[PDB]
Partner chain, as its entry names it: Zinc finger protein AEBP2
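Heads up, the chain below is alone and in the form solved without its partner chain; it's given as structure tokens.
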């Protein structure tokens, strides 16, 4: 279908022209290879007497034939004081271009040799130097990036600090317990969820077997996530259309504490609200994000509808309890605002979606694999797609601020 490909490119051209109206910040960067994963690291540095701050991303590569890498990248973001750079006028477009219109703001800092594509990479909250990765093989890997060179050996020899065993297939779900240092959950296409405790690894060993294996799902487990306050609770979602809440203290690992028929299709992602301890979201192939209360899982609270294809990722804002975002197979990324649920709309606005749909990011031209909210700069998002594009963006203030 060459016509749809032509339409997408023409629609991108319209979105690009519009950016100064809708964004305070928009950067588009072409990675050497596409990344399946994206997570902002928590640290930020503010060098002396300069107009920018430096933030960092955990990324990966997706090469079919070539050497893949675990990647750490730096991103410069402008301070509120900063001056406009007017040295890049363009007579064709009739514009100066904003912050990061040209190369200079994004850089690859570290590349660590990694066997196969990086399906997902997530840092350990208690020690951001530690990064777990999901590979196309069964072995979940842990890297302490300070124990590695910044520039890799060209042999491409993958030498992880730990190799975590338990699974029979690859997966995507990866979640560190923010209250129990070293406790990692993993989901897989083998229908299981594994749990490792790496806080007390003997003698500087290199392999670790799974402490527990949860076997409740009857299909591919797509995502897993710890509760953010309760160290024994965690959720999982799967192609069996189910949301499961698990208790690690329970003696039966084949049955969850609770099971819910959450969707009319595969459930691909979940995320706990970081402010409200009972709220969580799930995304699905039925094109909806569902909202849940842990204290009554029989009743779905709400359904966010508008997405034009399957949803694979969902994340809450780290700064605003009412704000979340979702992405998937369609090129658009949606930002929702639950406070605006039920607000009456004119028919003209209702054509574009329900009132709780705050923003549609149209900067990508291919399936979005992952995105991450910047924990230190409110409203900044990093999103990555299958065509190599990485965008760091921020919608215009007046969209969310009246």
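Here the rigid core means the biggest group of C-alpha atoms that line up within 1.5 Å when the two forms are laid on top of each other. Positions refer to the first chain, counted from 1.
In the comparison with other entries of the same protein, residue 102 is left without coordinates in at least one third of those covering both sides of it. In the other compared entries of this protein that model both flanking residues, residue 171 has coordinates in every one, well short of a third left out.
The deposited model assigns a higher average Cα B-factor to 339-347 than to the other stretch when 339-347 and 28-36 are compared.
Two stretches are in play, 141-149 and 312-320, and the higher mean C-alpha B-factor belongs to 141-149. Across 297, 112, 132, 102, the greatest Cα temperature factor reported in the deposited entry is at 297.
Which of 363, 60, 375, 47 has the largest Cα B-factor in the deposited entry comes down to 47. Among the modelled residues of its chain, residue 84 has a C-alpha B-factor that falls in the highest third, as given in the PDB entry. In this PDB entry, the Cα temperature factor of residue 66 sits in the top third of its chain's modelled residues, the highest group. Among the modelled residues of its chain, residue 97 has a C-alpha B-factor that falls in the highest third according to the deposited record. Among the modelled residues of its chain, residue 202 has a C-alpha B-factor that falls in the highest third according to the deposited record.
In the PDB entry, residue 394 places in the lowest third of its chain by CA B-factor.
One more form of this protein, solved in complex with its partner chain, exists but is not displayed; see below.
A heavy atom within 4.5 Å of its partner chain in the deposited complex is found for one listed residue only; from 225, 248, 215, 329, this is 329. The shortest heavy atom separation between residue 175 and its partner chain in the deposited complex exceeds 4.5 Å. Its partner chain is not shown here, but in the deposited complex it comes within 4.5 Å of a heavy atom of residue 312. Within this chain, residue 317 is remote from the site of its partner chain in the deposited complex, having no heavy atom within 4.5 Å.
Interface membership of residue 133, defined by any non-hydrogen atom within 4.5 Å of its partner chain in the deposited complex, is ruled out. When both forms sit on the same rigid core, the CA shifts between the shown form and the other one reach 2 angstroms or more only at 349 out of 43, 32, 51, 349. Relative to the superposed core, residue 315 shifts its CA atom by less than 2 Å between the shown form and the other one. Core-superposed comparison between the shown form and the other one: the CA of residue 126 stays below a 2 Å shift.
Once you line up the core between the shown form and the other one, the Cα of residue 273 stays within less than 2 Å of where it was.
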